[PDB]
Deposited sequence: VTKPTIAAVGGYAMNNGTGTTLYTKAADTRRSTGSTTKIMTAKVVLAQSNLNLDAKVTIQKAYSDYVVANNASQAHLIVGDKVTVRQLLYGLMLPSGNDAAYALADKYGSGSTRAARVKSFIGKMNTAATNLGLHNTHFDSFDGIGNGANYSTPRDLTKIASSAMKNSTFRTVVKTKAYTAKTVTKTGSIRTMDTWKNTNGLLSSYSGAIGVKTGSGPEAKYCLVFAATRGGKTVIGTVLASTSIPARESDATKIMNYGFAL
């Protein structure tokens, strides 16, 4: 069993559900931006979903990232951005402006505030439906927001069942071509996936990096080799390189087991 810097860790065979690795697998910790995995999952599960539906970037999304100095997809207010592009903005650069736009769009209510509260409730419902007991969401971006390496791994596994989700998370780079306030086509600067495993770990297919003041450095990873898919989560590692080596060690162990 490898030694990892993360205080929390878990991994299972994605296809069979058999546990391959544990380290405080059921101990609750802050999740930070790995929360975005649930945001995507909820969106992709909407009955009224339309990937080509365009959303107008509101000033509120922009002010939101500035007010928190948070990660962003650099969405320009006034631009028309499709739900599909928003999913890439959410998952690759970990855009909190994109998350807001998605929560606003798929939450139920007559005001943005109401729809956001509704969206987060949808996130908790999704967790309950998965039979989880150690996961709770207080936000749509991860900015009372906790989970565990096991719970998060199950959430990711469920999300990986959606082909669109799988496509997004394994994409290393994506350039959004948005529609300007005046009808023009804008070529945004290229979005790069923050998950370094996609290029460092052979077979890597996901899923999403995460971090936060309390969550520290997190990573939900997945890779396939020989038709065998290992999916796991590392919570509260000590750094970006450490989170990656932690995941690498667990995956190698899981494949050799």
Deposited positions without coordinates, collected into consecutive stretches in sequence order:
1-2, 146-148
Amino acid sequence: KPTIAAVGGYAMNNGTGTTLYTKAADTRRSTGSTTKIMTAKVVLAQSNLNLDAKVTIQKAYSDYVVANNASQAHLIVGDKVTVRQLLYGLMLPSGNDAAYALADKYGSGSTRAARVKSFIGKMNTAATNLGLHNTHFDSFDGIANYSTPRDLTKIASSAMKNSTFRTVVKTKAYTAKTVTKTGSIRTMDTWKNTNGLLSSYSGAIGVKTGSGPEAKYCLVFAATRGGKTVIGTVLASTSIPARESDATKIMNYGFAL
From here on, numbers count along this sequence of modelled residues.
Going by the mean C-alpha B-factor recorded in the entry, which is higher: 115-123 or 83-91?
115-123
Higher-scoring stretch by recorded Cα B factor average, 96-104 or 169-177
169-177
Identify, among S30, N48, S33, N195, the residue whose C-alpha carries the highest B-factor in the deposited PDB entry.
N48
Among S158, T128, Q72, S147 - the residue whose C-alpha B-factor is largest in the record
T128
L152 by Cα B-factor - lowest, middle or highest third of the modelled chain:
lowest
Chain-relative CA temperature factor third for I240
highest
In terms of its chain's C-alpha B-factors, the third that includes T224 is the highest
Split the chain's modelled residues into thirds by Cα B-factor; is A6 in the lowest, middle or highest one?
lowest
Tell me, lowest, middle or highest third: where does the Cα B factor of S62 rank within its chain?
highest
